[PDB]
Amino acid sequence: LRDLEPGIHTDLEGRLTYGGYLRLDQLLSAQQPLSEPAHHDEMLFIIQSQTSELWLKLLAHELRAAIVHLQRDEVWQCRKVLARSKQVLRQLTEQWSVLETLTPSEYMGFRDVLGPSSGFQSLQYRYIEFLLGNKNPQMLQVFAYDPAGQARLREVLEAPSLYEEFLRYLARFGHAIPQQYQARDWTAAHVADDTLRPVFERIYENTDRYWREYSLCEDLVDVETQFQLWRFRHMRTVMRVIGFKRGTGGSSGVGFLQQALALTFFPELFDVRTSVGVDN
């Protein structure tokens, strides 16, 4: 019904190809279900996590770029990168709707083939957690089988987080940021700091003067909020698929995931809500 237009290239036998550029032979032979006989639902299971890992790879790529922009006081560029980061997190969050068509009786058909394998062992996810600030050195051991993986995590562990680079940015523009944010043991997760309260009150209550800082505060709140949405949707999927069974990874499951939901990446941004006044 749609005729092939003249001008469309067909002899590609020798030029850059779609499959070549996207390395599709490699990409599309990475799905290796283990059930015997084959279980229909295992393909969804694999694809669900693989798409997530691709989005996580991009998210890390963008977040690193956002940090470089902050380091250079390039605010509008940082915000544009963060807008893309938000969209990526939104896709990661939206796609839970697919896996929710998987029932407990379907999953029980192949859960056993997974052995001890678990998202808890996701290097990319932990890399992102660390970069946003949720640094737990306990996680380094989990990755002993992958010394190389452990080393990349150590690297992000030892660098200022996204949030810390934001405070360092604020410091450069006259805000009353404590001196320790210029240099400290970055491997220690940030502890909520009440001396930042007046700093953010001033930004939120004088948006005309501190529009750049204000817009970045709200971006960071967006980023945390969406990440918590991801955690919550994952957790609700776990509840409907395995309920309160222990996880393949060896944790108590839902309870363990709920403990992460109770964490906050950017404590002072949320804390300031209790004291902020009207803008003027």
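Numbering starts at 1 and runs along the sequence shown.
Going by the B-factors listed in the PDB entry, is the mean over the C-alpha atoms higher for 223 to 231 or for 35 to 43?
The recorded data point to 35 to 43.
Between 85 to 93 and 147 to 155, which has the larger average Cα B-factor in the PDB entry?
Comparing averages over the C-alpha atoms only gives 147 to 155.
Among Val75, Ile128, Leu102, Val113, where is the Cα B factor highest in this entry?
Among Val75, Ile128, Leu102, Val113, the highest C-alpha B-factor in the entry belongs to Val75.
Please work out which residue in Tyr163, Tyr107, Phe120, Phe173 has the highest C-alpha B-factor recorded for this crystal structure.
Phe173 has the highest C-alpha B-factor of those listed.
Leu24 - Cα temperature factor, lowest/middle/highest third of chain
Lowest third.
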